[PDB]
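No Cβ is skipped: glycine too gets one built from the backbone with ideal geometry, and neighbour counts run over all protein chains shown. Throughout, read-outs are computed from the coordinates displayed, never taken from laboratory work.
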Amino acid sequence: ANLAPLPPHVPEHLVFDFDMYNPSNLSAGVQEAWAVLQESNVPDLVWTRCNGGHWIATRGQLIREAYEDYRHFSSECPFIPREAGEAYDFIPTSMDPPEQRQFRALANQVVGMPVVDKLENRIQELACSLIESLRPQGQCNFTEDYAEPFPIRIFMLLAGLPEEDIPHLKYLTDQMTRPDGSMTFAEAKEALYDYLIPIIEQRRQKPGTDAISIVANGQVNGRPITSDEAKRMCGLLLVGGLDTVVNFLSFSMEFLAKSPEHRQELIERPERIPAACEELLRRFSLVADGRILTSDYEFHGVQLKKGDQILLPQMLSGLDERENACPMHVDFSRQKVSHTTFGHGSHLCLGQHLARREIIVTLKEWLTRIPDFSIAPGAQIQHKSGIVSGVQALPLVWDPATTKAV
Ligand code: HEM
Ligand SMILES: CC1(C)[C@@H]2CC[C@@]1(C)C(=O)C2
Ligand SMILES: [K+]
């Protein structure tokens, strides 16, 4: 690990060199690896010298606070490392209130609740189709066989982009959240923009009903959105569509593959599925971005300097034992599932309704046709960490004789 020189204003007792891109205890699971930050030996707000050096709030209370106080904690540079957060210019995520407001409203028009209600039939259709297709095989590589195609095809459908462009696009979005060293954030971002530019141009000329057309021809601040602003909002839609639900689905199915009574519980009481979805969202939270200090500020006894970056792991809030008792235990009956999995503050996830729909549909439709399954014998499941964490591969196996078509 390459630790950056401790800045003079950071007390040595607050140092804890956690690498968000390669946590030390990753072998135990990614959420577990991040949960080490919540052990008794770690202060509530620490400084890691990894990835250029930055703060990390480890408690739900501080994460919520920082997310609410955009005045001190700006989204202008929300990604670690520094180079990534600076090149990051997505709309509305790189803006603080009140600017983000008009732009957030437009994005909502395209991925909001009404749109989800409108596409529910296609969502239901694809889920059933993909699963019925896998059902008689008795095995599947969940990440590539379902986790990826289900949410991504729905997104490409919503955006009016050919499914043929998925491989190319997914490689680029993944470079921004889980860098493999092949390219800088800026380069992955530019390439993604190169893809969108002609499409936006074209859809501004001849408007459609797809998400890209709606955004490109939308109104913000009483005037027409610019091509640049359109490109920046669409870049974000792509990332959210291709690299969020995709990863989350695999953590959930990995858990279900190892939990027969949890499976059977949803099978008998499908009305519990929405709660189970919420609990899985808490237990398998997977996003971690942050903010930048707009000025010198003392936060909970810690002196933060202007320009200091602070990671505010959305993932940690619900795993915080102060927020949920026995945080690592999955309990579908939890009277209160506290979490910030979809974020907190003015930038609360707009695609959260689409995400829950996809999750709930997956849970019901999978358990219906394939009620009994397990991880392939031998298989060693590996997780990966970054702005969005995921599962490398998820080999599942089952006896076709136990499955049932609908
Ligand atoms: C399990 C799935 C998902 C998770 C965990 C997730 C998480 C998040 C988080 C934590 C934020 C706030 C980031 C910040 O405050 O800087 C966010 C923002 C947002 N999400 Fe999601 N998201 C998910 C799926 C989606 C989907 C399906 C889309 C749709 C393409 C998407 C689009 C958005 C948008 C537009 C914003 C920005 C809102 C704003 O800046 O005002 N997300 N998401
Ligand atoms: C942090 C996010 C999950 C949120 C939607 C996709 C993502 C990586 C962003 O850039 C904003
Ligand atoms: K920036």
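Here are the numbers for this structure:
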item: Of all residues making up segment 336-349, the number that are polar (S, T, N, Q) and either assigned to a helix (DSSP H, G or I) or near ligand 1 (Cβ under 6 Å from one of its atoms) (or both); result: 2
item: Residue satisfying condition, being touching a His at 6+ places or on another chain (Cβ under 7 Å), within 15 Å of ligand 3 (Cβ to nearest atom) and of a type outside the set (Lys, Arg), within set 80, 91; result: 80
item: Yes/no for residue 120 being acidic (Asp, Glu), within 15 Å of ligand 1 (Cβ to nearest atom), in contact (Cβ under 8 Å) with a residue 24 or more places away in the chain and under 21 Å from residue 354 (Cβ atoms); result: yes
item: Selection count, segment 95-151, where residues are within 30 Å of residue 71 (Cβ to Cβ), of a type in the set (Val, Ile, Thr) and more than 16 Å from ligand 2 (Cβ to nearest atom); result: 0
item: Candidates 97, 151, filtered to the one that is within 17 Å of residue 236 (Cα to Cα) and touching a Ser or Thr at 6+ places or on another chain (Cβ under 9 Å); result: 151
item: Selection from segment 171-206 of residues that are part of a loop (DSSP other than H, G, I, E, B) and of a type in the set (A, V, I, L, M); result: 183
item: Complete set of residues in segment 247-295 that are touching a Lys or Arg at 6+ places or on another chain (Cβ under 8 Å) and within 16 Å of residue 365 (Cβ to Cβ); result: 256, 266, 270, 273, 274, 277
item: Criterion (more than 25 Å from residue 128 (Cα to Cα), within 13 Å of ligand 1 (Cβ to nearest atom) and in contact with a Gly (Cβ under 9 Å, 6 or more places away or on another chain)) met by exactly one of 352, 314; result: 314
item: Single residue of 332, 342 found to be more than 26 Å from residue 152 (Cβ to Cβ) and either out of contact with any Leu (no Cβ under 7 Å at 6 or more places or on another chain) or not small (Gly, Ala, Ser) (or both); result: 332
item: Residue within segment 153-170 that is under 27 Å from residue 290 (Cα atoms), in a helix (DSSP H, G or I), touching a residue at least 60 places away in the same chain (Cβ under 8 Å) and not charged (D, E, K, R) present; result: yes
item: Qualifying positions in segment 291-314 - more than 19 Å from residue 6 (Cβ to Cβ) and touching a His at 6+ places or on another chain (Cβ under 9 Å); result: 291, 294, 295, 297, 312, 314
item: Filtered residues of segment 396-406 (kept if in contact with a helix residue (DSSP H, G or I) (Cβ under 8 Å, 6 or more places away or on another chain), surrounded by fewer than 19 Cβ atoms within 10 Å (Cβ to Cβ) and either outside any loop (DSSP other than H, G, I, E, B) or among the acidic types (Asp, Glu) (or both)); result: 400
item: Qualifying positions in segment 138-190 - within 27 Å of residue 213 (Cα to Cα) and of a type in the set (D, E, K, R); result: 148, 153, 163, 164, 165, 170, 174, 187, 189, 190
item: Filter result (more than 16 Å from ligand 2 (Cβ to nearest atom), among the acidic types (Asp, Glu) and either surrounded by 23 or more Cβ atoms within 10 Å (Cβ to Cβ) or not in a loop (DSSP other than H, G, I, E, B) (or both)) within segment 277-307; result: 278, 279, 298
item: Selection count where residues are in a helix (DSSP H, G or I) and crowded, with 19+ Cβ neighbours inside 10 Å, scope segment 70-101; result: 3
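Residues are listed down the side, and each one gets a yes or a no for (1) at positive phi; (2) more than 16 Å from ligand 2 (Cβ to nearest atom); (3) out of contact with any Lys or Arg (no Cβ under 8 Å at 6 or more places or on another chain):
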site: 2; (1), (2), (3): no, yes, yes
site: 10; (1), (2), (3): no, yes, yes
site: 16; (1), (2), (3): no, yes, yes
site: 25; (1), (2), (3): no, yes, yes
site: 32; (1), (2), (3): no, yes, yes
site: 35; (1), (2), (3): no, yes, yes
site: 55; (1), (2), (3): no, yes, yes
site: 75; (1), (2), (3): no, no, no
site: 80; (1), (2), (3): no, no, yes
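Results for (1) closer than 26 Å to residue 51 by Cα; (2) within 16 Å of ligand 1 (Cβ to nearest atom), shown as yes or no for each residue.
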| position | (1), (2) |
| --- | --- |
| 178 | yes, yes |
| 190 | yes, no |
| 210 | no, yes |
| 227 | no, no |
| 230 | no, yes |
| 236 | yes, yes |
| 240 | yes, yes |
| 263 | no, no |
| 281 | no, yes |
